[PDB]
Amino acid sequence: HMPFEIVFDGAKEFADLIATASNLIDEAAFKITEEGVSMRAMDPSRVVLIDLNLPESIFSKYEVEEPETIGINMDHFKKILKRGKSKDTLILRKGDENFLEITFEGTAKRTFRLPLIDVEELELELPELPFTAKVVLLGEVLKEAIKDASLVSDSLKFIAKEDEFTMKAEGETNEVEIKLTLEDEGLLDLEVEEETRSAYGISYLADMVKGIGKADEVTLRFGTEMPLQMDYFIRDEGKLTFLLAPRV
């Protein structure tokens, strides 16, 4: 568990990214290597897999001596990171001691000490699934569609066809449809091998998109009765990926 020093310019942006992962998980193992920081975890119900990848290219200083895995209480990490200001420099540092030193450098130098925990790691792979539909859309559209559907139902049907992407929710008497074509502003890309239909739990979807930005380009990949893969990019280079089991 060697020392390292990792520096990110923009503490609040980093906190927001961590906050998005923390919405679903409580504890996480962070793999720190020379190439970057990665984290893979499942939510407690084992319905969502989260994969975070932060290559060294997004850090203004990146000094890792030997690869190591550190365990982190995500609630306590997020609570500290939330104190970072938008212009703060964030420094994540480890010495010989078994804690993480979290420093915000801005109008003052503020250093927190976060105890490291033991996180027993599951065997988790991010499989390459045969998705038959790909959608790139503005986060604003995706976030509102999930909110719109929650007025109506507990589940949201995703329907991809050659020229239109539809999210549809139906209640006992009440119903909502959110429809995008490439003529629409909210839709950046649509690729459909065959017409694809799946449905997903809104409570999970709401937790996945809560932290996503309204201007972020979110990529969706899914298949008929297959999981939904949802990702967006951090500084174009890092990537947060969710894999969500379909509602059966």
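Heads up, when I say rigid core I mean the largest set of C-alphas that superpose within 1.5 Å between the two forms. Heads up: residue numbers just count along the shown sequence, starting at 1.
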Between 126-134 and 68-76, the one drifting more in C-alpha RMS in 6 other deposited structures of this protein once the core is aligned is 126-134
Entry B factor averaged over C-alpha atoms, 20-28 against 236-244: higher for 20-28
Of 201-209 vs 175-183, the stretch with the larger average CA B-factor in the entry is 175-183
One of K214, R221, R40, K61 has the largest Cα B-factor in the entry, namely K214
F104: CA B-factor among chain residues, third -> lowest
By the entry's values, the third containing the CA B factor of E140 is the highest
Chain thirds by Cα B factor, record data; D96 belongs to the highest
Chain thirds by Cα B factor, record data; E195 belongs to the highest
Among the modelled residues of its chain, the C-alpha B-factor of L52 falls in the third labelled middle
